[PDB]
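The structure file start36.txt is reproduced below (compact mmCIF, C-alpha atoms and all ligand atoms).
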```
# COMPACT_ATOMS: atom_id res chain seq x y z
CA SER A 1 -20.46 16.70 6.80
CA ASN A 2 -17.75 16.43 4.14
CA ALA A 3 -16.59 14.21 1.30
CA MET A 4 -13.32 13.19 2.93
CA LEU A 5 -12.19 9.59 2.92
CA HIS A 6 -12.86 7.56 6.06
CA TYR A 7 -9.83 7.03 8.27
CA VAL A 8 -8.83 5.63 11.66
CA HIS A 9 -6.54 7.65 13.95
CA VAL A 10 -4.34 5.77 16.43
CA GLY A 11 -0.95 5.88 18.13
CA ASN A 12 0.71 8.88 19.72
CA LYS A 13 -1.40 11.63 18.22
CA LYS A 14 0.97 14.34 19.48
CA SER A 15 4.04 12.84 17.74
CA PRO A 16 5.87 15.17 15.29
CA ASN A 17 5.95 12.22 12.93
CA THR A 18 2.75 11.42 11.08
CA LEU A 19 2.37 8.14 9.22
CA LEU A 20 -0.39 7.96 6.65
CA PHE A 21 -1.13 4.33 5.66
CA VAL A 22 -2.62 3.48 2.29
CA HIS A 23 -3.85 -0.08 1.77
CA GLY A 24 -3.86 -2.18 -1.39
CA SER A 25 -5.97 -4.07 -3.88
CA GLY A 26 -9.25 -5.50 -2.65
CA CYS A 27 -8.62 -4.64 0.99
CA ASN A 28 -9.05 -1.74 3.40
CA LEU A 29 -7.29 -0.08 6.35
CA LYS A 30 -7.93 -3.24 8.46
CA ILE A 31 -5.00 -4.93 6.68
CA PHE A 32 -2.60 -2.79 8.77
CA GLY A 33 -3.92 -4.19 12.06
CA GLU A 34 -0.69 -5.94 13.00
CA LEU A 35 1.70 -3.33 11.63
CA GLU A 36 0.05 -0.54 13.58
CA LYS A 37 0.84 -2.41 16.84
CA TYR A 38 4.60 -1.67 16.41
CA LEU A 39 4.23 1.99 15.38
CA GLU A 40 2.43 3.32 18.48
CA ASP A 41 5.00 6.06 19.09
CA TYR A 42 3.89 7.78 15.88
CA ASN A 43 0.79 9.70 14.83
CA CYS A 44 -0.91 7.00 12.74
CA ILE A 45 -3.64 7.76 10.21
CA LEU A 46 -5.05 4.77 8.30
CA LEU A 47 -7.12 5.64 5.21
CA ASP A 48 -9.90 3.70 3.48
CA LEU A 49 -9.63 4.36 -0.26
CA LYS A 50 -12.87 5.31 -2.02
CA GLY A 51 -15.18 2.33 -2.31
CA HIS A 52 -13.23 0.29 0.25
CA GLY A 53 -14.01 -0.23 3.96
CA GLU A 54 -16.14 2.66 5.20
CA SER A 55 -15.32 5.08 2.42
CA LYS A 56 -18.47 5.20 0.30
CA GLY A 57 -18.44 5.52 -3.46
CA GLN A 58 -17.41 3.85 -6.70
CA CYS A 59 -13.82 2.59 -6.53
CA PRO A 60 -11.67 4.57 -8.98
CA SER A 61 -10.62 2.38 -11.93
CA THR A 62 -7.08 3.77 -12.16
CA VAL A 63 -4.20 4.32 -9.79
CA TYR A 64 -4.34 7.98 -10.91
CA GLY A 65 -7.85 8.26 -9.46
CA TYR A 66 -6.62 6.92 -6.10
CA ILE A 67 -3.59 9.28 -6.24
CA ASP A 68 -5.89 12.29 -6.70
CA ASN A 69 -8.12 11.12 -3.85
CA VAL A 70 -5.19 10.64 -1.47
CA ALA A 71 -3.63 13.98 -2.40
CA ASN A 72 -7.00 15.69 -1.73
CA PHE A 73 -7.11 14.02 1.69
CA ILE A 74 -3.57 15.07 2.60
CA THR A 75 -4.09 18.68 1.55
CA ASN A 76 -7.59 19.14 2.93
CA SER A 77 -8.33 16.79 5.87
CA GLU A 78 -8.23 18.40 9.27
CA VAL A 79 -6.04 15.51 10.44
CA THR A 80 -3.20 16.10 7.93
CA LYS A 81 -3.51 19.63 6.55
CA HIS A 82 -1.43 21.12 9.41
CA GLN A 83 1.01 18.22 9.87
CA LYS A 84 4.50 19.13 8.69
CA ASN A 85 6.23 15.72 8.66
CA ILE A 86 4.13 13.11 6.86
CA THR A 87 5.50 9.72 5.82
CA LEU A 88 3.31 7.77 3.45
CA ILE A 89 3.17 4.00 3.89
CA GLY A 90 1.60 2.27 0.89
CA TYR A 91 0.96 -1.46 0.59
CA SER A 92 0.35 -3.39 -2.63
CA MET A 93 -1.58 -1.06 -4.99
CA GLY A 94 -1.04 1.53 -2.21
CA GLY A 95 2.71 1.35 -3.01
CA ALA A 96 2.04 2.67 -6.51
CA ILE A 97 -0.41 5.23 -5.05
CA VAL A 98 2.10 6.69 -2.58
CA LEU A 99 4.77 6.92 -5.28
CA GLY A 100 2.21 8.83 -7.38
CA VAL A 101 1.46 11.13 -4.42
CA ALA A 102 5.17 11.82 -3.98
CA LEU A 103 5.12 13.11 -7.60
CA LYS A 104 2.46 15.69 -6.63
CA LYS A 105 5.16 17.42 -4.53
CA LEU A 106 2.84 18.20 -1.59
CA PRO A 107 4.75 20.44 0.82
CA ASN A 108 4.18 18.26 3.92
CA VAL A 109 4.88 14.82 2.46
CA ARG A 110 8.49 14.18 3.47
CA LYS A 111 9.13 10.45 2.84
CA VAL A 112 7.41 7.49 1.25
CA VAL A 113 7.52 3.74 1.87
CA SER A 114 6.34 1.21 -0.71
CA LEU A 115 5.59 -2.04 1.09
CA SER A 116 5.12 -5.06 -1.20
CA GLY A 117 4.40 -2.65 -4.06
CA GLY A 118 5.72 -1.34 -7.31
CA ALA A 119 5.48 1.41 -9.89
CA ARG A 120 4.48 -1.03 -12.67
CA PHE A 121 3.21 -4.59 -12.45
CA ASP A 122 4.05 -5.88 -15.94
CA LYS A 123 4.71 -9.49 -14.99
CA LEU A 124 1.43 -10.30 -13.22
CA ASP A 125 0.60 -13.94 -13.88
CA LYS A 126 -0.97 -14.12 -17.33
CA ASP A 127 -3.47 -16.88 -16.58
CA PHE A 128 -4.54 -15.11 -13.36
CA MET A 129 -5.03 -11.79 -15.13
CA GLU A 130 -6.92 -13.46 -18.01
CA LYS A 131 -9.38 -14.72 -15.41
CA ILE A 132 -9.61 -11.22 -13.90
CA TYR A 133 -10.42 -9.79 -17.35
CA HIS A 134 -13.21 -12.38 -17.51
CA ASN A 135 -14.49 -11.18 -14.13
CA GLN A 136 -13.27 -14.26 -12.27
CA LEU A 137 -11.10 -14.10 -9.16
CA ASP A 138 -8.82 -17.10 -8.61
CA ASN A 139 -8.88 -17.51 -4.82
CA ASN A 140 -6.41 -20.41 -5.01
CA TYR A 141 -3.87 -18.09 -6.60
CA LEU A 142 -4.60 -15.28 -4.15
CA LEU A 143 -4.00 -17.65 -1.25
CA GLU A 144 -0.75 -18.82 -2.85
CA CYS A 145 0.38 -15.20 -3.14
CA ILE A 146 -0.21 -14.45 0.53
CA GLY A 147 1.42 -17.74 1.62
CA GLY A 148 -1.75 -19.53 2.67
CA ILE A 149 -3.75 -19.14 5.84
CA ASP A 150 -2.04 -21.66 8.11
CA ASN A 151 -0.50 -18.79 10.10
CA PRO A 152 -3.41 -17.76 12.37
CA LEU A 153 -2.65 -14.07 11.70
CA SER A 154 -2.94 -14.74 8.00
CA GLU A 155 -6.27 -16.47 8.46
CA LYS A 156 -7.63 -13.48 10.37
CA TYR A 157 -6.37 -10.80 8.00
CA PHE A 158 -7.33 -12.62 4.84
CA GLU A 159 -10.93 -12.40 6.12
CA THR A 160 -10.65 -8.59 6.25
CA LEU A 161 -10.44 -8.40 2.46
CA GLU A 162 -13.44 -6.83 0.72
CA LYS A 163 -16.31 -9.26 0.25
CA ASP A 164 -17.50 -8.04 -3.16
CA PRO A 165 -15.11 -9.59 -5.71
CA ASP A 166 -15.74 -6.66 -8.08
CA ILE A 167 -13.50 -4.53 -5.90
CA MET A 168 -10.45 -6.86 -6.15
CA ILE A 169 -11.09 -7.16 -9.89
CA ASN A 170 -11.21 -3.35 -10.30
CA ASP A 171 -8.03 -2.91 -8.31
CA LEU A 172 -6.01 -5.64 -10.10
CA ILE A 173 -6.98 -4.11 -13.46
CA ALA A 174 -5.84 -0.69 -12.11
CA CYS A 175 -2.54 -2.36 -11.17
CA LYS A 176 -2.07 -3.96 -14.57
CA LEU A 177 -2.64 -0.53 -16.20
CA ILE A 178 -0.33 1.67 -14.03
CA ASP A 179 3.18 2.56 -15.15
CA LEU A 180 4.91 5.28 -13.13
CA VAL A 181 8.40 3.96 -13.77
CA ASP A 182 9.66 6.72 -16.07
CA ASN A 183 8.57 9.34 -13.51
CA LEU A 184 10.31 7.80 -10.49
CA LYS A 185 13.43 9.85 -11.26
CA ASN A 186 11.37 12.97 -10.57
CA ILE A 187 10.69 12.11 -6.93
CA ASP A 188 12.59 14.62 -4.74
CA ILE A 189 12.06 12.98 -1.32
CA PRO A 190 13.43 9.74 0.22
CA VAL A 191 11.69 6.51 -0.80
CA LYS A 192 12.11 3.09 0.80
CA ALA A 193 10.85 -0.15 -0.73
CA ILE A 194 10.25 -3.19 1.56
CA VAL A 195 9.35 -6.60 0.08
CA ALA A 196 9.75 -10.37 0.53
CA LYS A 197 12.04 -12.17 -1.92
CA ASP A 198 9.54 -15.01 -2.31
CA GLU A 199 6.78 -12.76 -3.72
CA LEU A 200 4.76 -14.11 -6.62
CA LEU A 201 2.57 -11.03 -6.94
CA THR A 202 4.53 -7.83 -6.22
CA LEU A 203 7.87 -9.29 -7.35
CA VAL A 204 11.09 -8.22 -5.71
CA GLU A 205 12.21 -6.90 -9.13
CA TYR A 206 9.51 -4.22 -8.95
CA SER A 207 11.05 -2.93 -5.71
CA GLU A 208 14.53 -3.08 -7.25
CA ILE A 209 13.30 -0.73 -10.00
CA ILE A 210 12.08 1.76 -7.35
CA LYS A 211 15.53 1.66 -5.69
CA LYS A 212 17.27 2.10 -9.06
CA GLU A 213 15.18 5.01 -10.32
CA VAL A 214 14.57 7.15 -7.21
CA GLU A 215 17.68 9.23 -6.43
CA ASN A 216 17.33 9.06 -2.63
CA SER A 217 16.20 5.52 -1.97
CA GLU A 218 16.52 2.45 0.22
CA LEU A 219 15.56 -1.18 -0.26
CA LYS A 220 14.93 -3.96 2.28
CA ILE A 221 14.39 -7.52 1.04
CA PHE A 222 13.11 -10.03 3.60
CA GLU A 223 13.88 -13.67 2.73
CA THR A 224 10.30 -14.84 3.31
CA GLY A 225 6.73 -13.71 4.03
CA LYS A 226 5.25 -13.40 0.52
CA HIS A 227 2.45 -10.81 0.09
CA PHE A 228 1.36 -11.02 3.75
CA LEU A 229 4.79 -9.92 4.98
CA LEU A 230 3.03 -6.96 6.69
CA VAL A 231 0.88 -9.41 8.69
CA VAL A 232 3.21 -12.32 9.47
CA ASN A 233 6.28 -10.15 10.07
CA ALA A 234 4.67 -6.90 11.11
CA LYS A 235 7.34 -6.44 13.80
CA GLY A 236 10.19 -6.74 11.28
CA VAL A 237 8.45 -4.48 8.77
CA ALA A 238 7.89 -1.84 11.49
CA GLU A 239 11.61 -1.95 12.38
CA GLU A 240 12.39 -1.26 8.73
CA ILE A 241 10.05 1.74 8.81
CA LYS A 242 11.56 3.09 12.08
CA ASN A 243 15.08 2.90 10.66
CA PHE A 244 14.04 5.08 7.71
CA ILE A 245 11.66 7.78 8.96
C1 LIG B 1 -3.69 -6.01 -1.07
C2 LIG B 1 -3.85 -7.47 -1.35
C3 LIG B 1 -4.48 -8.31 -0.43
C4 LIG B 1 -4.61 -9.67 -0.74
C5 LIG B 1 -4.15 -10.20 -1.95
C6 LIG B 1 -3.50 -9.39 -2.90
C7 LIG B 1 -3.35 -8.02 -2.63
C8 LIG B 1 -2.65 -7.10 -3.60
```
Show the structure stored in the file as structure tokens.
Amino acid sequence: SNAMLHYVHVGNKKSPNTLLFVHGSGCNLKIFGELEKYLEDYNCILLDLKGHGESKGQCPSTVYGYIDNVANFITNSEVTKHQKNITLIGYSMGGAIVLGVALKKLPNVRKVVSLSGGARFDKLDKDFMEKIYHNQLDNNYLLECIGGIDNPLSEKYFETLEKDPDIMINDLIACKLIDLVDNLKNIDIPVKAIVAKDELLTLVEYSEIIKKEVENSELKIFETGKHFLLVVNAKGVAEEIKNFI
């Protein structure tokens, strides 16, 4: 036995291109269920962060904790330690995490994608975050952020979110605390940000800052999709990963 994070391994396991997926606040690797369908030609590794999905333990309270956990996995897991061309794909809080991992300068991490993410989340809705600080999760606002559950894919994937609300609360507080912006200039590898213009949660402006600050960077703005862009337009998001890796 070992203390490695739980992961799922799918796709073309012999591909020279390894994609390591890192999920976001209050969810788990299940959130990538649609996106993984369009990336089958790659060696896909989907991680559960500590305390999420099948990875046991207390959820770290800071993005720095998650960054250290993910770096430990990359360096030490049998599934990544020998892989020479890793692209990190981080969604939501995972976007900040993969930017933080890029700053660790791991020899085998070659590119990063921040999907509906950011390096700082300073404009999170004040009333929503006040509730979070009072240990209350506004499901109406969460649904608004993902664009509702009328799309059957959205209904399905919304149900994959963690059932204990303490996890979402922990993760949103971690997001309100993180600020990697003034370190983005130190990232040596290519970074691509992908986001929907109609975001209420991970605003397009957060992705514009990533593009501005990282020297070798790309930005794709979809007109619509809100925070469930990776579910309702998984095919389009996958195309915008393929054109970058
Ligand atoms: C990752 C995730 C899932 C559902 C709502 C908000 C967020 C940040």
Suppose you want the space between CA of residue 24 (chain A) and CA of residue 241 (chain A); what is it in Å? 17.7 Å
Using all atoms listed in the file, find each residue with an atom at most 6 Å away from ligand LIG 1 (chain B) and format the answer as JSON, numbers by chain. {"A": [24, 25, 26, 27, 92, 142]}
Could you dump the residues just selected with C-alpha atoms as a PDB file, keeping the file's coordinate frame?
```pdb
ATOM      1  CA  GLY A  24      -3.860  -2.180  -1.390  1.00  0.00           C
ATOM      2  CA  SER A  25      -5.970  -4.070  -3.880  1.00  0.00           C
ATOM      3  CA  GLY A  26      -9.250  -5.500  -2.650  1.00  0.00           C
ATOM      4  CA  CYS A  27      -8.620  -4.640   0.990  1.00  0.00           C
ATOM      5  CA  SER A  92       0.350  -3.390  -2.630  1.00  0.00           C
ATOM      6  CA  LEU A 142      -4.600 -15.280  -4.150  1.00  0.00           C
TER       7      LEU A 142
END
```
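The coordinates place CA of residue 111 (chain A) at 8.4 Å from CA of residue 85 (chain A).
The spacing separating CA of residue 77 (chain A) from CA of residue 4 (chain A) amounts to 6.8 Å.
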Of the listed residues A:245, A:7, A:150, A:194, that which approaches residue 42 (chain A) most closely, counting all atoms listed in the file: A:245
Residue contacts of residue 83 (chain A) (12 Å, all atoms listed in the file) excluding same-chain residues fewer than 6 positions away, as a PyMOL selection string: chain A and resi 13-20+43-45+74-77+106-110
Would you give the centre and edge lengths, in Å to one decimal, of a box along x, y and z around the listed atoms of region 124-134 of chain A, with 5 Å added to each side, as JSON?
```
{"center_x": -5.9, "center_y": -13.3, "center_z": -15.6, "size_x": 24.6, "size_y": 17.1, "size_z": 14.8}
```
Can you pull out every residue within 12 Å of residue 2 (chain A), counting all atoms listed in the file, but drop anything in the same chain fewer than 3 positions away, and send it as an NGL selection string? :A and (5-6 or 55-56 or 73 or 76-78)
Shell around residue 119 (chain A) at 12 Å using only C-alpha atoms, local window under 3 positions removed, as a PyMOL selection string: chain A and resi 63-64+90-103+114-116+122+174-185+193+202-214
Env of residue 30 (chain A): 9 Å cut, atoms = only C-alpha atoms, seq-sep filter 3 positions within chain, self excluded. Answer as a PyMOL selection string. chain A and resi 23+27+33-34+46+48+53+157+160-161
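Closest approach to residue 128 (chain A) among A:59, A:200, A:113, A:190 is made by A:200 (distances from all atoms listed in the file).
Remark: for residue 216 (chain A), the closest of the candidate residues A:229, A:29, A:167, A:187 is A:187 (distances computed over all atoms listed in the file).
Take the candidates A:88, A:189, A:154, A:162 and check each one against residue 227 (chain A) using all atoms listed in the file; the shortest distance goes to A:154.
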So that I can check the surroundings of residue 230 (chain A), please list as an mmCIF file with C-alpha atoms, in the frame of the given file every protein, DNA and RNA residue that reaches within 7 Å of it, counting all atoms listed in the file and ignoring chain neighbours fewer than 4 positions away.
```cif
data_model
loop_
_atom_site.group_PDB
_atom_site.id
_atom_site.type_symbol
_atom_site.label_atom_id
_atom_site.label_comp_id
_atom_site.auth_asym_id
_atom_site.auth_seq_id
_atom_site.Cartn_x
_atom_site.Cartn_y
_atom_site.Cartn_z
ATOM 1 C CA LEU A 35 1.700 -3.330 11.630
ATOM 2 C CA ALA A 234 4.670 -6.900 11.110
ATOM 3 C CA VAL A 237 8.450 -4.480 8.770
#
```
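Closest approach to residue 191 (chain A) among A:149, A:231, A:112, A:31 is made by A:112 (distances from all atoms listed in the file).
Restricting the calculation to all atoms listed in the file, the smallest distance between residue 223 (chain A) and any of A:127, A:9, A:236, A:71 is found for A:236.
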Some atoms are missing, so please complete region 181-194 of chain A with N, CA and C atoms and return it as a PDB file, keeping the file's coordinate frame.
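What landed in rebuild_10.pdb:
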```pdb
ATOM      1  N   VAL A 181       6.962   4.179 -13.863  1.00  0.00           N
ATOM      2  CA  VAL A 181       8.400   3.960 -13.770  1.00  0.00           C
ATOM      3  C   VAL A 181       9.228   5.138 -14.299  1.00  0.00           C
ATOM      4  N   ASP A 182       8.832   5.684 -15.444  1.00  0.00           N
ATOM      5  CA  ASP A 182       9.660   6.720 -16.070  1.00  0.00           C
ATOM      6  C   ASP A 182       9.508   8.078 -15.381  1.00  0.00           C
ATOM      7  N   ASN A 183       8.680   8.129 -14.334  1.00  0.00           N
ATOM      8  CA  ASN A 183       8.570   9.340 -13.510  1.00  0.00           C
ATOM      9  C   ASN A 183       9.247   9.220 -12.156  1.00  0.00           C
ATOM     10  N   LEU A 184       9.686   8.012 -11.803  1.00  0.00           N
ATOM     11  CA  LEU A 184      10.310   7.800 -10.490  1.00  0.00           C
ATOM     12  C   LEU A 184      11.508   8.705 -10.265  1.00  0.00           C
ATOM     13  N   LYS A 185      12.258   8.970 -11.340  1.00  0.00           N
ATOM     14  CA  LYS A 185      13.430   9.850 -11.260  1.00  0.00           C
ATOM     15  C   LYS A 185      13.088  11.266 -10.836  1.00  0.00           C
ATOM     16  N   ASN A 186      11.813  11.627 -10.923  1.00  0.00           N
ATOM     17  CA  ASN A 186      11.370  12.970 -10.570  1.00  0.00           C
ATOM     18  C   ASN A 186      10.958  13.118  -9.108  1.00  0.00           C
ATOM     19  N   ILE A 187      11.016  12.028  -8.345  1.00  0.00           N
ATOM     20  CA  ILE A 187      10.690  12.110  -6.930  1.00  0.00           C
ATOM     21  C   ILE A 187      11.861  12.728  -6.174  1.00  0.00           C
ATOM     22  N   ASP A 188      11.571  13.808  -5.441  1.00  0.00           N
ATOM     23  CA  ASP A 188      12.590  14.620  -4.740  1.00  0.00           C
ATOM     24  C   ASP A 188      12.909  14.149  -3.315  1.00  0.00           C
ATOM     25  N   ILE A 189      11.987  13.390  -2.726  1.00  0.00           N
ATOM     26  CA  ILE A 189      12.060  12.980  -1.320  1.00  0.00           C
ATOM     27  C   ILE A 189      12.549  11.549  -1.198  1.00  0.00           C
ATOM     28  N   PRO A 190      12.969  11.140   0.018  1.00  0.00           N
ATOM     29  CA  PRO A 190      13.430   9.740   0.220  1.00  0.00           C
ATOM     30  C   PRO A 190      12.301   8.716   0.060  1.00  0.00           C
ATOM     31  N   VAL A 191      12.638   7.602  -0.584  1.00  0.00           N
ATOM     32  CA  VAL A 191      11.690   6.510  -0.800  1.00  0.00           C
ATOM     33  C   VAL A 191      12.334   5.222  -0.339  1.00  0.00           C
ATOM     34  N   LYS A 192      11.597   4.422   0.433  1.00  0.00           N
ATOM     35  CA  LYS A 192      12.110   3.090   0.800  1.00  0.00           C
ATOM     36  C   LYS A 192      11.147   2.030   0.311  1.00  0.00           C
ATOM     37  N   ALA A 193      11.674   0.980  -0.313  1.00  0.00           N
ATOM     38  CA  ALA A 193      10.850  -0.150  -0.730  1.00  0.00           C
ATOM     39  C   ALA A 193      11.152  -1.306   0.223  1.00  0.00           C
ATOM     40  N   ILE A 194      10.112  -2.041   0.644  1.00  0.00           N
ATOM     41  CA  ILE A 194      10.250  -3.190   1.560  1.00  0.00           C
ATOM     42  C   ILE A 194       9.442  -4.316   0.932  1.00  0.00           C
TER      43      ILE A 194
END
```
